[PDB]
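Have a look at the structure below, then the notes.
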Amino acid sequence: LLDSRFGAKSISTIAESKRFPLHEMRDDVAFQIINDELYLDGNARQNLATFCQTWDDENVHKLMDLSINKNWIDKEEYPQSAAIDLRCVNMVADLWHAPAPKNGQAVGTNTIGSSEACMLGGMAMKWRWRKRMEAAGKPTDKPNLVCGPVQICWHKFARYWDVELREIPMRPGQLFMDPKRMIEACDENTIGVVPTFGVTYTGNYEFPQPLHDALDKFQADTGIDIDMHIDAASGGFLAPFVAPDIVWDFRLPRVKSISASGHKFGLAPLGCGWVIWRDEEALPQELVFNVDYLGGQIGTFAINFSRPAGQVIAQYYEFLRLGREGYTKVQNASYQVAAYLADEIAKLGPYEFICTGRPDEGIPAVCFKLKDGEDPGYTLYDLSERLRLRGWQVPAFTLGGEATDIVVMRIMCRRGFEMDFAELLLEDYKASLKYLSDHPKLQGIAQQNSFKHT
Amino acid sequence: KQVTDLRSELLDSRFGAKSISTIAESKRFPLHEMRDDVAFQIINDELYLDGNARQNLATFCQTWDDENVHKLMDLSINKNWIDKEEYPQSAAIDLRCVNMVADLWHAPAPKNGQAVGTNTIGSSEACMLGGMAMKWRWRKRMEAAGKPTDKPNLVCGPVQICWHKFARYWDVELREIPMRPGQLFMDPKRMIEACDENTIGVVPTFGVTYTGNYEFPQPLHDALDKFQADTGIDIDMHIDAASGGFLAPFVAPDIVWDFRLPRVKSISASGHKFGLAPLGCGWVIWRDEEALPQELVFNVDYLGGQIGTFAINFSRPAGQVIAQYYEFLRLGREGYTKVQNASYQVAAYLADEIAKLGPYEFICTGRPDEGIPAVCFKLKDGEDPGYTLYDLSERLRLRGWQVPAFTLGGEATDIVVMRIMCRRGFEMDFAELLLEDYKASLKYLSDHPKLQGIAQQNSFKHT
Amino acid sequence: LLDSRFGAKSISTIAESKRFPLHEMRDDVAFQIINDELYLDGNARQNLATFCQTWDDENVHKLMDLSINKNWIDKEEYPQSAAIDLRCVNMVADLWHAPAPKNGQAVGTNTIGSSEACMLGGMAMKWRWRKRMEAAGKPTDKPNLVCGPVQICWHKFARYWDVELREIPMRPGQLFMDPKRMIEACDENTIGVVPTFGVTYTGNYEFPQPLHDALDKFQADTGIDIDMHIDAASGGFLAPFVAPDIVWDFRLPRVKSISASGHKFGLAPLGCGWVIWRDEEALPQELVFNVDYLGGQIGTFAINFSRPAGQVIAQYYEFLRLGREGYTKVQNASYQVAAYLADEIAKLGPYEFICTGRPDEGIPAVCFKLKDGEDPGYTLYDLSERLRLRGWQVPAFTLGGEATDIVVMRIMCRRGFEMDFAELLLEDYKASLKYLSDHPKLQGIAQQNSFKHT
Amino acid sequence: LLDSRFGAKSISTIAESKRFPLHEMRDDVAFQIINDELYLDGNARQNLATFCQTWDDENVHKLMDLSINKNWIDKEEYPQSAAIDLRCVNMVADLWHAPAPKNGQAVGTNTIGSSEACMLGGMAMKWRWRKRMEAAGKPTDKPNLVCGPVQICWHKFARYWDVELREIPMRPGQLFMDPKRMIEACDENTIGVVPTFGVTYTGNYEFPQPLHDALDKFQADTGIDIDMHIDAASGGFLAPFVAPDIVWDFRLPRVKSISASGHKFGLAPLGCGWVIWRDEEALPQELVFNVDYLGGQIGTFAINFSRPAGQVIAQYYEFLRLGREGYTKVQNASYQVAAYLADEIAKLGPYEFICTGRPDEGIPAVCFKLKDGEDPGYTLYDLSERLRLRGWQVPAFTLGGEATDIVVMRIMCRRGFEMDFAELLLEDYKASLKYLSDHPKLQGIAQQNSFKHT
Ligand SMILES: Cc1ncc(COP(=O)(O)O)c(C)c1O
Ligand SMILES: Cc1ncc(COP(=O)(O)O)c(C)c1O
Ligand SMILES: Cc1ncc(COP(=O)(O)O)c(C)c1O
Ligand SMILES: Cc1ncc(COP(=O)(O)O)c(C)c1O
């Protein structure tokens, strides 16, 4: 067996792939072998399911390349990377109207993604709640967390830290966590409420303000003081620029912490998250670990330790080059694309929209389902498959709870998916509808949900 | 007439233009846009303030530069490790790596072809996952027995901070056997004294962070067998092989520390350490399906079915996994053996050479059978050469070297040690230069006695 | 022995480091080996001792890479490089107010640096002087040169060309060459006076005008006609832009030649110098050598012969992209940083400043010493060592002459050392002072002068 | 006026090329403007006149690019570059059989090229001679130097340092410095003899051994002790590999110093020279200057000061990757090309060869003239012009002395000019001959000498 690339004895990667390789191989052959199979990966340019950055900027590539060995945890050897990281924490804190620091540095940290940021926020919430119950001489025996249609990271948090997850069910007419149902789920064991400022499954915002009012009335009627952690994975880098009037952040007294993804609308490369706390009081010191460095010690509250500092550096690059002025324009461009697709798609079939890409309602996304008791001659699963044959990945999936029988299609508009590409999508969308119309036997065959978690 | 306080002033000599002071507005989110290339050069220029770690002998993390690794990482910047759907080849390469590492550690042959394990950001996450699984297995055993599960504890030696975090975050009592003069590590006797029915497991550190020595699981495994025999209490182990996991399999195959031992239910290691991968790569392997409680695994829907994942992080880059595979492919056992041996030769050389320069007692001398490629020593008790290791460390910094001097924990807290790490890139020629600067530092301290005792700050020791 | 990079038998560069290597080695291995140890060199970004360019410009790297084989002396094969070189000579001549050329080309040449430029200037001075003395049948074996705190290249000139060096001593209150002491050293054997327009050790300018007037009076009283050569290594590319009114160049009749460094404030990469002569009469033709080429013979006055033309090309790039407009802003930026540091440092200790970075007084540098009889609890040597531990190289050294007891600290502000970096230096400066204060035993230990020559 | 490249108002480099630009210009525009006119430079691949390296090696480009700012004189900031430089000096010393250092370091230095190397060697020669005459109570007012057909750098040395240059004339039947004529020119005022181990104009070696014998006899008959400096600009990196048995170096007692060009057959990029002294006694300490550094103090004997360290590094790269083994094969390849050309060219016309590319006679060069009283119907100048029309630069010029009536053609074979290219040259050579034969009126028209100095 020979290889046509190297014109030599074949070196299989699929063979003996269950055992650690025995011999050495020429460096450049190993590289070309791996490089060639990586072509099997998609480039995600036509993938409209993910929230994660997929566009390419030469400067970001250069910054990441230079940072490949810069250790985020090693403040001693990489002091400048550490300083840039502190700047970012302050800037994000400022973006979310966090109270002015006493010493001068905001309370918060960079993370690998929103998952870790949420875990940290969740543990802090659990610890503050525990300190309160013990002081009240009550049992910390069975904590619970109230939320709406949260992302899987919260299910993991609940599971891994033994907290009862009280998720308000998604239901026809009310897909999100409303004040009434939220209150019905709250009690003395509730460690906190987690509104999702940009629901993963639909793109809509769960507004913290009305929930905050309900929590104020709750403490007035029962004495039970409940706080909030905002999961703003996507919305945290949207609303501050295109809808400053929405009061969802630290302007609300009960919001003790907020988390968001830099690698989503924060525009940073994969591997960047953020979590900020209102003030020192919001973060139990018992969770912070202090390590020694030549220049004094620094407290850290993170799950990960050693990791590259490139994403933080790239995130800073975006903050510096764009500013509020730049982010507003970038974000608005995505909202224009989403709004356009919503309006245009509505003219093509009997659809009921859950999200239409409006800045005041949520993120740059379009989410719809077929109108009840209406049969256009295909399901959204069938349409999704036709679109894949044209290179597009437009996820079709079912919602949860009382709406377990509802099938929706979600389109995400992130940086890089410009108006020109949306127009092409519409062309292929129309072509797919005509094909389904000309080949009725297709209806009902496709029935597998697409990846919806990110 | 333009008051200095009402202006975004300052001319810049690089751009032949003005302003843009990262430190001035550093507390607020920037207001305006800036030319991309100017923002890039501004950031690129201050990154020069970071060290390159070539002369840093404190860290275990990879610091050498390989062109092919730079290319693989550059092409993987947007490849999402969690998105199996869009990046199927990256996911396949990742599964190969898990099987290869499992094979490396003698994990039993999979009943369905795929080993039980996962890639991680680093050893910290790997350890958390291993720790959670240990806690869950212990809990189930106890619940199946109708016993209380509210007082779990974990027995270990001089562990890395990630275990202190695990204990704190998951409410597990950490029973760390104290480091002490004459016994700095977890021995069978003290280990057993700390074990009971609430012990979720024992965590030997196969390559102690602070000294470089291996804690040998075999003797501890025998003690646990005797323990079960005398009490009926069945205790398992998780090996924290952050560094050793990619050393002993190549240069000391005969040390029995892995899955060859029945009680070892899981093992974790750092790819970005001696695994030779770029920062951001860890590994955790479980003996088999039984070793990993399914309640911890989450199954997500994909167009091709569903894949279960047990991880704390979600979205993140797949470049390090790919780079790690590149190392596995180009080196193999044959290549890793030569690479690791080269580091041991340097370490052994430094130990032997440094021993001739002062009254030192060595804790680690870079021997393959004893631990990792590191040198760890302290001044002999009651010996005053005319300086402390802190003073020596500072003199070496003036020569560009970062050789950490710090104190040991427990009841050995009065011990000041110096640790030298020998990782890929720190070749024999550089070790010779270190020796030259070491001797020059000693002569300077000898000629300037007033220096003794002044320096007294510990260096970063955690990695 | 094995190498952990190549995973093969070790190849040491120290073992047989005194004998020519016996065998071949794979090219790439040789490259990586050398590349890896070059990491032991500093990048000079935190080095505030040198005057030489240390910033990086992508365009300059490209021009230099393209010119690696372009031979400066081979006018025949590289006609365009030779043309660009001629343009630069004329532009520098124009910058220094040299009289308009008769034929059209200014009299001058590019050099490797100011050293060579000064040798050429020195030889021409010696020759012009000799031609005068020889006509009067007087001895020409005991020539002397009058100057102030000159750079080492003049000591080399004096030594290599057997010229008595009459250096006016540096002294408290009079660290530079003044008119009075200058005249006291002049006689019929003086080949010329060399004012240093930007003293290496302090940064101050020695003003040619007052010296020029003294020389006019000298000729009036004795008949002895003495000329000048301005060593403007640094000042030559500063004053013409930020202080045009200072009369130090060819506007002065006696100034027969001027030299300066392109690789200093000229902004060119290492390896570029310039020397210009007032006119043909100022340059003895006996020193010029004519070499034949296909297009005709070209004369040259240079110590070096074959060498690369990249630096000249890079220098032209700076001239073209900046112009007077651009150079003024670039140099002003450096002066602002220097002025800022001087003002800020003065608030931290009992210091006496010799140079405070004022455009009318000298170059962008800060030079100071501890006030006489003041004991802050440390020497500038101690402070310098503390700053090294923070990555900075701020030279502390002693002055010459009578000010031999004086120890100064000199900070150079060149392109790349922006305001933000100066702020960081101030932070580390303060940190160093606090450490010295908390550790008194450190005082007096350090006593080695740093490199001060460039 | 518009520019077709930038599609905007034209920017001319010609317009006011004699004045320093007044305004700024876009950097990328300035770069492209300069990049575009550099295309007017030749690449020298078909230039067979120069000895300087013109081939391109990717690793050398990388090493030079990395070293653009590394200052050769700043031992403090660039310790590793300084170390590599010391290794090179020792390796070159070893190559020339210099006595083993009484300490651990050979006596010598790197230079910009052979010119500076020769000046340093010449100065040392003059100083040693002066010291001796003084110790004999004799005058030192009329120093002279005996040599053969030397390169222009020695004419410069003689002129700049006031030494009478006694150059033995090139003559038909005696083009080089022979023992007899050398002795006729020697006296008590001779500072030394300079044999040229690879004559620039022809390529032949002047053998130091026979000359050395004559000088031994001279001291025996007169007591006058005369030393030598070998100008081995080209031969210094040829004979040690391809003809080790030729005794021309430090194996000869009288050879006190040797110089050679790294950027010639040393294979280094432009800007690299070397000069080695036999031992400390051979280098008068009065010429060495000691400068202080934090690491202590190092001595240097150099005309230049600040300059790039890249060539030294690239030179080290060649030493490391090739070794004696590699240089022998590289140099041999050039000799094979030269020998082939000589043998083939001899069959095309009535020629008399002065150099035929034989390793035992000289460097890889071919030098010939038309046989006396032979008229093939063209001059070598005519042939040279025809070859230029085919892209080749094969210099035709006259020899000096009474050989001023001798027109020769010299072909240099350096790295890169492989056998395949030589065959192409022969094709064009024959084509040129046929053209000249078919167009007789061309004979005698061309009469300008080509650049012959390097
Ligand atoms: C609301 C929400 N939270 C958390 C996550 C997980 O973010 P990450 O993948 O960056 O950890 C996602 C994708 C999300 O949409
Ligand atoms: C034994 C040990 N465990 C865990 C860690 C943490 O690994 P990481 O920094 O890769 O999370 C280290 C550094 C270590 O030495
Ligand atoms: C006043 C002065 N003259 C000459 C020099 C030497 O210049 P170069 O290093 O460019 O030869 C320097 C450094 C200097 O400061
Ligand atoms: C014999 C000889 N000496 C000196 C030189 C000048 O060398 P460089 O150009 O390197 O100064 C040459 C070209 C030469 O051929």
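In the text below, chain A, chain B and the rest are named by the order of the sequence lines, each starting its count at 1. When reading the values below, keep in mind they use all heavy atoms of this one structure, side chains included, and skip hydrogens, waters and symmetry mates.
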Legend entry - Set of salt bridge (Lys or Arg N to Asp or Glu O under 4.0 Å) partners for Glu394(B), sequence neighbours left out: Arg386(C)
Is it the backbone or the side chain of [X] that comes under 4.5 Å from a heavy atom of chain A, or both, or neither?
X	answer
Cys61(B)	side chain
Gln402(B)	side chain
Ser270(B)	neither
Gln306(B)	neither
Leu75(B)	side chain
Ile93(B)	side chain
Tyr336(B)	side chain
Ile121(B)	both
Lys273(B)	neither

Note, [X] side chain near [Y] side chain (heavy atom, < 4.5 Å):
X	Y	value
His263(A)	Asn78(B)	no
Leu49(B)	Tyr78(A)	no
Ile152(A)	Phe298(B)	yes
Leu38(A)	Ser90(B)	yes
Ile77(B)	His61(A)	yes
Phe250(B)	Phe20(A)	yes
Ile23(B)	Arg87(A)	yes
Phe314(B)	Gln151(A)	yes

Legend entry - Worked check of side chain to side chain contact (heavy atoms under 4.5 Å, CB included) between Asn71(A) and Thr63(B): CA-CA 10 Å; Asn71(A) 194 350; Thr63(B) 53; over 6 Å; no
Legend entry - Side chain, backbone, both or neither of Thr328(A) within contact of chain B (heavy atoms, under 4.5 Å):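 When you check distances to chain B, no heavy atom of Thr328(A) falls under 4.5 Å.
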Legend entry - Segment of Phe51(A) engaging chain B (4.5 angstrom heavy-atom cut-off): neither
Option in [options] with maximal non-hydrogen atom pairs under 4.5 Å from chain A:
options	answer
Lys338(B), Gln114(B), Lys135(B)	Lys338(B)
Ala91(B), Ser76(B), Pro88(B)	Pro88(B)
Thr22(B), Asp65(B), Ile20(B), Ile82(B)	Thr22(B)
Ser459(B), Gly280(B), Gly305(B)	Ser459(B)
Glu85(B), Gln62(B), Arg316(B), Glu125(B)	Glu85(B)

Legend entry - Audit row: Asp103(B), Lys18(A), side chain to side chain contact (heavy atoms under 4.5 Å, CB included) steps and yes/no: CA-CA 7 Å; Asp103(B) 174 65; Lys18(A) 296 217 193 71; over 6 Å; no
Legend entry - Neighbours of chain B found in residues 43-50 of chain A - heavy atoms under 4.5 Å: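 Residues of residues 43-50 of chain A touching chain B at under 4.5 Å: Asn43(A), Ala44(A), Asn47(A).
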Legend entry - Rounded distance [0.5 Å steps], CG in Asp65(A) versus CE in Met73(B): 9.5 Å
Inset, instruction - On the 0 to 90° scale, with breaks at 30° and 60°, tag the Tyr293(A)-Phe460(B) ring pair as parallel, tilted or perpendicular. - result: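 Taking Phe460(B) first and then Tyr293(A), their aromatic rings lie parallel (interplane angle under 30°).
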Inset, instruction - Could you tell me whether a side-chain N or O of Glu24(A) sits under 3.5 Å from a main-chain N or O of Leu331(B), the two making a donor and an acceptor? - result: no
For the candidates [options], which exhibits the highest count of non-hydrogen atom pairs separated by less than 4.5 Å from chain B?
options	answer
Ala309(A), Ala302(A), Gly326(A), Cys118(A)	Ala302(A)
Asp292(A), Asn449(A), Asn90(A)	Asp292(A)
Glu16(A), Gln311(A), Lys75(A), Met91(A)	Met91(A)

Legend entry - Salt-bridge criterion met for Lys79(B) and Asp41(A) (N-O under 4.0 Å): yes
Inset, instruction - Look at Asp36(B) together with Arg321(A) and state whether they make a salt bridge at an N to O cut-off of under 4.0 Å. - result: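 Answer for the salt bridge query: yes.
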Inset, instruction - Only one of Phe157(A), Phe301(A), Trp127(A), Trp161(A) passes ring pair (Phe, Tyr, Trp, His ring centres under 6.0 Å) with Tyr169(B); say which it is. - result: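 One option only clears the test, and that one is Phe301(A).
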Inset, instruction - Quick one: do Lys165(B) and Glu286(A) satisfy salt bridge (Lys or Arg N to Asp or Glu O under 4.0 Å)? Show the steps, please. - result: CA-CA 10 Å; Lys165(B) 290 188 179 181; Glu286(A) 296 74 46; over 6 Å; no
